[PDB]
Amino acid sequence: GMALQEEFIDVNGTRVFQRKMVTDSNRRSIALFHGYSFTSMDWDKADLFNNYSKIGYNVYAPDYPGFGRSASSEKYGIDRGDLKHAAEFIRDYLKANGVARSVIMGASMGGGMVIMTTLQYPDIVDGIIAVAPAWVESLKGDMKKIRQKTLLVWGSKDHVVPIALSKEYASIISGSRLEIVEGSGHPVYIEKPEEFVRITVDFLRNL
């Protein structure tokens, strides 16, 4: 039956904690990348493993190296602000799990990471969900090139990553779906979990 597996995986020498809900029959994958302040445990609040599994996605969620339960990492660490390290991580992490292509979702820091991964390795990305992505303001000229279906999610009360950037990023990424969730600040999947699920499930169904 369906099980939430919690385990440690080696990603090129870095001991990564992950949570996953998968079955060998699914032909769809989604991987979830947390913000600076949260971990893979925090996706419990919106029950994302069960909700995405029920629409036929294999679901993977690691703690980024240096965060949560994962080891620090010279190769992947983001201490020095190298977002290309995070694109390497996401590519390598999917490969370690035997996943050739996936939808990738990121919140905040993680949203920056999934954007960068799509800019570097577009052939591995089936779609993007980015929840108020941080650290990408310098990447607009490359973001204009993204061809993947993209969902941008922002809380109406977000003052961490300005809501003005929401409308700008929605213009830059052609075909992007922008949804502003009433009554939420920056971590939408914690503060308005039901609406987060409704919107993200609808996007994924129609990908």
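A residue's number is simply how far along the shown sequence it sits, counting from 1.
Colleague: Per the record, averaged over C-alpha atoms, which has the higher B-factor: 167-175 or 149-157?
Modeller: Result of the comparison: 167-175.
Colleague: If you average the CA temperature factors over each stretch, which comes out higher, 118-126 or 70-78?
Modeller: Taking the mean C-alpha B-factor of 118-126 and of 70-78, the larger value falls to 118-126.
Colleague: So if I compare the CA B-factors in the entry for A46, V59, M143, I180, which one is the largest?
Modeller: The C-alpha B-factor peaks, among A46, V59, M143, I180, at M143.
Colleague: Of the three thirds of its chain by CA temperature factor, lowest, middle or highest, which one includes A3?
Modeller: Middle third, going by the recorded CA B-factors of the chain.
Colleague: Hey, what third does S53 fall into on Cα B-factor, ranked over its chain?
Modeller: According to the entry, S53 has a C-alpha B-factor in the chain's middle third.
Colleague: Would you please rank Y93 by its C-alpha temperature factor against the other modelled residues of its chain and give the third it falls in: lowest, middle or highest?
Modeller: Ranked within chain, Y93 CA B lands in the middle tercile.
Colleague: Of the three thirds of its chain by CA temperature factor, lowest, middle or highest, which one includes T14?
Modeller: Its C-alpha B-factor, which the entry lists for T14, ranks in the lowest third among residues of this chain.
Colleague: Going by the recorded CA B-factors, say which third of the chain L139 sits in, lowest, middle or highest.
Modeller: Highest third.
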